[PDB]
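When we count neighbours, we look across all protein chains shown, and the Cβ atoms used for this are built from the backbone with ideal geometry, even at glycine. No value in this document is a laboratory result; all are computed from the given coordinates.
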Amino acid sequence: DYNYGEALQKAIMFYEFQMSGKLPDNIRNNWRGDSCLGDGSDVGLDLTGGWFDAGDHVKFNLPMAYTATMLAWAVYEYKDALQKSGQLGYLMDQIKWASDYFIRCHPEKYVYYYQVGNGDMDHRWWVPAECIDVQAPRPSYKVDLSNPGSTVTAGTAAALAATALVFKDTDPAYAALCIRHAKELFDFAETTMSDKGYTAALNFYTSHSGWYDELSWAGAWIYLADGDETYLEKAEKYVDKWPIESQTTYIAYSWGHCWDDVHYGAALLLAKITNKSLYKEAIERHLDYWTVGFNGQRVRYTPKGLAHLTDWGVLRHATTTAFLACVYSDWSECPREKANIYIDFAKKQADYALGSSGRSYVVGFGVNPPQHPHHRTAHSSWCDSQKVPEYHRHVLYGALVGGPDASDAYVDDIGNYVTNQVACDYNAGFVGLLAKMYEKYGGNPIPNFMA
Ligand SMILES: OC[C@H]1O[C@@H](O[C@H]2[C@H](O)[C@@H](O)[C@H](O)O[C@@H]2CO)[C@H](O)[C@@H](O)[C@@H]1O
Ligand SMILES: [Ca+2]
């Protein structure tokens with residue numbers, strides 16, 4: 001069996017490498033430094049902090065909020081296992097880092113900054129984070145009542161709500177602040193019902209599923225953290241505008257939970273909150289189709305056992321769906337026979353990410369892991385070139401790469417930003433999955449681990 005403690009410890013550490021702004025003194029690596037300290041200067045605000053999205057240095061607040069919410073979800077479900085591993089403190093520190101940044105992006109009730117950095121310009125430069133802000137300006141982008149962005153504002157509300165949920169027992173003052181910001185951002189999103197202003201992320205993180213599942217997503221997290229039934233009532237109200245499986249009348253089920261489509265996770269949380277069969281059927285339709293099949297149709301699988309939804313961030317999809325299987329299979333209302341099927345599914349997907357096919361797909365872990373992730377700072381080029389140096393100067397511990405194709409084929413290639421891609425959302429659900437696997441199978445993390 002694989003060391004799920006070591007994997008978990010590193011999958012969490014991966015986020016330290018993504019940090020932007022003035023780093024705290026408690027960081028565990030010696031190669032990341034302060035960066036992009038002027039973020040927000042163009043609008044008179046302190047918009048520093050947060051995570052760089054992927055191997056670039058743009059801060060995209062839609063996938064960032066998604067990542068924070070999933071990280072908080074891991075704590076919510078597997079707090080005790082995360083403490084026993086000794087990594088709960090690090091994971092909590094990262095959640096607050098992202099949420100602190102979301103709060104700074106919300107200086108007024110109906111003004112939310114959703115992006116720092118221009119996508120096209122930032123991607124022209126292959127330079128480390130500590131040098132990026134000298135090469136090109138980093139403008140701030142915002143939405144308001146006249147140019148609204150309901151998807152991203154609702155997504156950030158979910159993140160702050162989930163943050164308040166896990167910080168309420170340790171820092172109630174901080175939890176109260178996050179809740180206040182979440183309900184404001186929720187009201188902002190619900191009032192505008194539009195993405196007319198969400199324009200800086202076009203061609204990078206444009207959603208087509210709609211902001212309504214983001215509303216149910218946020219409404220459930222607000223209720224779990226605050227108990228205000230008003231936001232549970234609003235969550236169930238917008239279920240009828242979730243995506244529907246084509247050629248049917250079911251709630252969509254043949255995709256997966258991801259930064260673009262959160263109605264999957266929303267259905268799981270609403271099932272646990274309300275115990276209604278509407279949500280239980282929807283999530284069980286999804287997890288059934290992803291395992292044994294539903295109505296004679298089944299998600300594609302590679303011969304080596306990987307659930308292969310699509311070629312873009314395939315492992316992000318498998319590990320994330322696997323995490324949902326963990327949470328639901330551990331639920332008391334889950335049919336027992338379906339529980340064993342779902343959890344065996346989760347272990348196989350986890351083991352595939354860790355090296356069941358013959359090689360780890362987690363940088364710096366296991367056998368023959370990827371060594372050339374499409375990541376500017378870990379590569380650390382001295383001349384604006386992906387090819388120079390020919391080896392990464394730094395190890396991007398814990399990063400889950402895009403993954404192999406449908407025939408289990410994969411090759412290291414710093415230039416392939418699909419197969420060798422890494423990103424915040426790729427590791428989000430992965431943490432939750434490993435937390436469960438550690439709880440069940442153990443495997444001790446590296447003591448005193450430093451990068
Ligand atoms: O936005 C996804 C991905 O983009 C990467 O930049 C690409 C860019 O999208 C493409 O149009 C251009 O031709 O090539 C660059 C890379 O050479 C970016 O490097 C990634 O960080 C980002 O995740
Ligand atoms: Ca959506």
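For every residue, the table says whether it meets (1) acidic (D, E); (2) within 16 Å of ligand 2 (Cβ to nearest atom); (3) surrounded by 19 or more Cβ atoms within 10 Å (Cβ to Cβ); (4) touching a residue at least 40 places away in the same chain (Cβ under 8 Å).
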residue	(1), (2), (3), (4)
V363	no, no, yes, yes
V367	no, no, no, no
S380	no, no, no, yes
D413	yes, no, no, yes
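Per the conditions (1) closer than 30 Å to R285 by Cβ; (2) in contact with a helix residue (DSSP H, G or I) (Cβ under 7 Å, 6 or more places away or on another chain), the sole criterion not satisfied by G366 is (1). Scanning segment 304-334 for residues that are acidic (D, E) and over 23 Å from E77 (Cβ atoms) turns up just one, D311. Where helices (runs of 4 or more DSSP H) fall entirely within segment 217-299, those with at least 2 residues that are of a type in the set (F, W, Y) are at 277-289. Among the hydrophobic types (A, V, I, L, M, F, W, C), under 29 Å from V143 (Cβ atoms) and outside any helix (DSSP H, G or I): is that true of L62 in this structure? Criteria not met by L62. Scan segment 76-90 for residues that are crowded, with 24+ Cβ neighbours inside 10 Å and in a helix (DSSP H, G or I) and the total you get is 2. Residues in segment 272-322 that are more than 12 Å from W255 (Cα to Cα), among the basic types (K, R) and touching a residue at least 40 places away in the same chain (Cβ under 8 Å) were compared, and the one that is surrounded by the fewest Cβ atoms within 10 Å (Cβ to Cβ) is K304. Regarding segment 382-389, can at least one residue be identified that is farther than 18 Å from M19 by Cα and either small (G, A, S) or within 20 Å of the chain's Cα centre (by Cα) (or both)? Yes, some residue in segment 382-389 is farther than 18 Å from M19 by Cα and either small (G, A, S) or within 20 Å of the chain's Cα centre (by Cα) (or both).
When you look at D351, is it outside any loop (DSSP other than H, G, I, E, B) and either more than 16 Å from ligand 2 (Cβ to nearest atom) or surrounded by fewer than 24 Cβ atoms within 10 Å (Cβ to Cβ) (or both), yes or no? Show your work before the answer.
Numbers: outside any loop (DSSP other than H, G, I, E, B): yes; either more than 16 Å from ligand 2 (Cβ to nearest atom) or surrounded by fewer than 24 Cβ atoms within 10 Å (Cβ to Cβ) (or both): yes.
Against the criterion (outside any loop (DSSP other than H, G, I, E, B) and either more than 16 Å from ligand 2 (Cβ to nearest atom) or surrounded by fewer than 24 Cβ atoms within 10 Å (Cβ to Cβ) (or both)), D351 qualifies.
Here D144, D100, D120 are screened, and the one residue that is farther than 27 Å from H181 by Cβ and surrounded by fewer than 21 Cβ atoms within 10 Å (Cβ to Cβ) is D120. Checked against the criteria, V134 counts as away from ligand 1 (no atom under 16 Å from the Cβ), outside any loop (DSSP other than H, G, I, E, B) and either of a type in the set (D, E) or over 24 Å from the mean Cα position of the chain (by Cα) (or both).
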